[PDB]
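Q: my sequence and its experimental structure, below.
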Amino acid sequence: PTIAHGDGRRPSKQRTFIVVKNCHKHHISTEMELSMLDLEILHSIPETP
Amino acid sequence: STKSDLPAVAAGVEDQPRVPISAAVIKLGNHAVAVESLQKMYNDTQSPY
C-alpha cells in the first residue's frame, strides 16, 4: 500500500513489486563404511547358535 | 441552557453503538490518556512519518 497524497506534488500511484526469490538447494552427504565380511554372513543363512 | 443544548451539538455521536478498541491507556494525574503509535501505518507505505 501507499498513502494517497493530499497535495499535488506527484500523483500517488499504485505500487506492486514483482520480486523473484531464488531458492537454496543444499546437498548433504556422509559415508558409512561397512565391511564385506559382515555382508557375507548377511547373505548366508544361519543354523547353529 | 447547557442541559437543553446537549442534544444540539451531539449530532448523532451520542447514540452510536459502543465498540471496544485496543489502545494503551495510561493515567496522568486523574485523567486517563490513551497512547498510540501509528508508525506501522507509514512504514508499510514507506512514507516519512
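A: Ah, there it is. Numbers count the residues shown, from 1 in each chain, chains lettered A, B, ... in the order given.

Q: count the neighbours of residue A:1 for me.
A: Close neighbours of residue A:1, defined as other Cβ atoms under 10 Å in any protein chain shown, add up to 10. Yep, even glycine has a C-beta here, placed from its N, CA and C like the rest.

Q: quick one: the residue nearest the centre of chain B from chain A, how far?
A: Centroid-nearest residue in chain B, with Cα atoms, centre = their mean: residue B:34, separated by 8.0 Å. Going from residue B:34 to chain A by Cβ to the nearest Cβ, to the nearest Å gives 23 Å.

Q: who's in contact with that residue?
A: Listed by Cβ atoms under 8 Å, 6 or more residues apart in numbering or on different chains, the contact set of residue B:34 reads B:23, B:24, B:25, B:26.

Q: just the buried subset of the residues you listed, please.
A: Among those, not one counts as buried by 16 or more other Cβ atoms under 10 Å in any protein chain shown.

Q: out of those residues, which is nearest to chain A?
A: Among these, residue B:23 lies closest to chain A (Cβ to the nearest Cβ), at 21.8 Å.

Q: that's all I had, so thanks and see you.
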